[PDB]
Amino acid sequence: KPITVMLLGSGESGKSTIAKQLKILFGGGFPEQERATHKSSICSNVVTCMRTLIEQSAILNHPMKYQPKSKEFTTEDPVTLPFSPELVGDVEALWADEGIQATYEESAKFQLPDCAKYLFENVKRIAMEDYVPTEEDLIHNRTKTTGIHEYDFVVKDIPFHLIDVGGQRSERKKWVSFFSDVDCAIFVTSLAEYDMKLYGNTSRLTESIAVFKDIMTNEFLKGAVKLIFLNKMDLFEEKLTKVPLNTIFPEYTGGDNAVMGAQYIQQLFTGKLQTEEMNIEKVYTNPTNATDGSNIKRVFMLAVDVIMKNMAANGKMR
């Protein structure tokens, strides 16, 4: 029987990106027909993300040199099926325009999907008539996984079964207790959300923390190893330079140091629990960059050993 792993997290923690990444690395990836289903949302995101920046450049007074010609940037209507011929061209001009670039740097804050820059840098290839999304596009594109995804992979000749629990907090609860005999629960959280508000909970950070505190006391998850992926370490490093951590936690003295800062956030989730960073009741932690296949491969590897060691010591095996 396969080793079972359950992914939990808040929204926009990147847990769905982790799951696609493991299917690519250890599953069979995604076949052309599965990939082609993502064409419309990717094509749509190209336009909507850029409308966002144009609108924000007005709200934030960064005048534009360039002026869009295409049908697509004269309307708020949903995005049609084949792009107008001029769409490609003015996406490239727009992204190179001084005012748009200035607006992009003030990304904190309005709400710009993480995939924006990737979409723009890839527009020549996305706007082609015969374009079929690649696995890398699927990694970077934003999708809403209304939540219950299963699959199997193998790692170093050992069967794994992955349960990806999505949905509202209210249905997430339903599924956690449905699955029996889970060997490992992986909690994913976005480091870059430390400054984002909400309104029960006030901020994204406190909402994630309370989710995690659930996992730690959930009686159906006793027996399961608890791992935390502090995700979006890349985004967090950079974000720290525009929104310093002590503007959110004035009781913090570590400054620009993304390592010390990630630890500070990590310690807010784990309190008095014993913890262990896999990079050299007990909670294992590791920062991650889910859009980096190489990073997720190296990191899940450490994880397999932690899961195996633990199971051996708990009288479970294979």
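One rule holds for the numbers: they count along the sequence shown, beginning at 1.
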| item | value |
| --- | --- |
| Residues of the deposited sequence that sit between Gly200 and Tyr199 yet are not modelled | 1 to 3 |
| Greater mean Cα temperature factor according to the PDB record, 182-190 or 91-99 | 91-99 |
| Stretch exceeding the other in mean C-alpha B-factor - 138-146, 231-239 | 138-146 |
| Of the residues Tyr151, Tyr104, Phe212, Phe120, the one carrying the largest Cα B-factor as recorded | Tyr151 |
| Options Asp195, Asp157, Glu207, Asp164 - largest CA temperature factor per the record | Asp157 |
| Relative C-alpha B-factor of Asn246, binned into the chain's lowest, middle or highest third | middle |
| Lowest, middle or highest third - CA B-factor, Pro133 | middle |
| Position of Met64 among the chain's modelled residues by C-alpha B-factor, lowest, middle or highest third | highest |
| Chain third (lowest, middle, highest) by recorded CA B-factor, residue given as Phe73 | middle |
| Third of chain Cα B-factors occupied by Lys174 | lowest |
